[PDB]
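Enquirer: Take this structure first; my questions come after.
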Amino acid sequence: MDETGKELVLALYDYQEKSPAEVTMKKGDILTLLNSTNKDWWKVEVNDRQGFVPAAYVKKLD
Numbered sequence: 000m001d002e003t004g005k006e007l008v009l010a011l012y013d014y015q016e017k018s019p020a021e022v023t024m025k026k027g028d029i030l031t032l033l034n035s036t037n038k039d040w041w042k043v044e045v046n047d048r049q050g051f052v053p054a055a056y057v058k059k060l061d
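In terms of our numbering, the sequence shown opens at residue 0 and continues consecutively.
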C-alpha cells in the first residue's frame, strides 16, 4: 500500500551498514519490513535507504 511489504520491525541494536547493500539504522527506530522470508539478510526501509540488515538485529513488531 506504499511499498512491497510492511510488517514493521523494531531496531534493537544500532547498525552501521558495512556495504551499500546494507542500511544504517539506529536502535529504537521503527523500520518498514520489506523482506523477512530470507534466513539471513532481511530488507528494511529506514530514512530513505531500503536495503539489507541482519535478522538478529531487528525485532518483529508484527
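Heads up, the beta-carbon is just placed ideally off N, CA and C, and yes, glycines get one too.
1. Would you say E44 and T23 are within 8 Å of each other, going by their C-beta atoms?
2. Buried or exposed: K26, going by 16 or more other Cβ atoms within 10 Å of its Cβ?
3. Rank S35, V8, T36, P19 by C-alpha distance to the C-alpha of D28 and give the top, closest one.
4. Return the chain-ordered list of same chain residues with a C-beta closer than 7 Å to the C-beta of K5, the five sequence neighbours on each side being excluded.
5. Since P53 sits in a beta bridge, which residues does DSSP pair it with?
Expert: On the basis of the coordinates in this document:
1. no
2. exposed
3. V8
4. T31, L32
5. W40
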